[PDB]
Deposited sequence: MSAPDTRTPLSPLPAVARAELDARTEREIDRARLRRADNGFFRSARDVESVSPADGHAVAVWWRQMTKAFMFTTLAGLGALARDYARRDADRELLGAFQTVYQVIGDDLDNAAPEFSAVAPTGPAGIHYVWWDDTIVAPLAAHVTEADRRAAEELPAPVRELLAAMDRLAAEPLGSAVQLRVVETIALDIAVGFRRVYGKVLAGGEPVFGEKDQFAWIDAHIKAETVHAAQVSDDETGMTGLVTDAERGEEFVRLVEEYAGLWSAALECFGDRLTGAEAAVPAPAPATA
């Protein structure tokens, strides 16, 4: 009869994880991506396009490997009797993934393309990558798809967490924290990409994907014993560090 840790023990896990995120240099003030997105004067199409391709692959992998992690947990709950407080947290994960896979929240369903075109990595590909690709060469496009080492390392960690029953809680706990600052950074960068001196993105609804996200924006509820709690913090530490290294790679390329 599986149950979550007592509340006060879960509050401690929340504080420890909020500290690891601090420690990983992911806050609006500490990560170079959020800073460069604000500081830099203009962005070349090739630089903006490369970051857009990297993000497409990162968010694709985030969605699918978080769903896989939820499935790993589902496999366990098929063979145990999770109590209703655990089941509620399990439902939350399913609901949150539904933003990226099916535009669940009204902030998304009103504006997103329907069907598969609305899946968030596809919607990003169609509305950010594609208009930038017209301003770059095929050789550039192929180069952008050879992902840099910090992005590759984060994707490798997502593949490992795809098999971990704690994996979806780890990924959503970290990503939900930094999501809004990422979205605001993108709103800024792609307003500053210029081609014939002129902005590539110059209408309102070319930012639909980004603005829907800024509008739109407990996981420890799935920890069932103190040991799994320790594993949760260990995994958050690894994953938060890899996310930070990947976002600094964004900042470096934008300069």
Report summary line: Numbered from 1 on the deposited sequence, the unmodelled stretches are 1-8, 226-237, 276-289
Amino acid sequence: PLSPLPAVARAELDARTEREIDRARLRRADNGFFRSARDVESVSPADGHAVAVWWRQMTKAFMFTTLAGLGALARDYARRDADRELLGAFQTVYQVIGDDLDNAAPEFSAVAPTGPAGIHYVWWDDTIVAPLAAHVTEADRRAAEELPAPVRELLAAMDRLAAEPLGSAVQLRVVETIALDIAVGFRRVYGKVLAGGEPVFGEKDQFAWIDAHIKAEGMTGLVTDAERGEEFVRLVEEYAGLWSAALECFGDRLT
From here on, numbers count along this sequence of modelled residues.
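Just so we're on the same page, rigid core means the largest C-alpha set that superposes within 1.5 Å between forms.
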Query raised in the report: Do you reckon 194-202 or 48-56 strays further from the shown form in 4 other deposited structures of this protein, measuring C-alpha RMS after a core fit?
Result: 194-202
Query raised in the report: Do the CA atoms of 208-216 or those of 56-64 have the higher mean B-factor in the entry?
Result: 208-216
Query raised in the report: Out of 105-113 and 152-160, which stretch has the higher average CA B-factor listed in the record?
Result: 105-113
Report summary line: Looking only at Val223, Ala50, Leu70, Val43, the Cα with the top B-factor belongs to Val43
Query raised in the report: Hey, what third does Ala183 fall into on Cα B-factor, ranked over its chain?
Result: middle
Requested in this report: Could you say whether, by C-alpha temperature factor, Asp100 belongs to the lowest, middle or highest third of its chain?
Outcome: lowest
Requested in this report: Ordered by C-alpha B-factor within the chain, which third holds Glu146? Give me lowest, middle or highest, please.
Outcome: middle
Report summary line: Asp125: CA temperature factor from the record, placed by chain third, in the lowest
Requested in this report: Sort the modelled residues of this chain by their C-alpha B factor and say whether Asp76 lands in the lowest, middle or highest third.
Outcome: middle
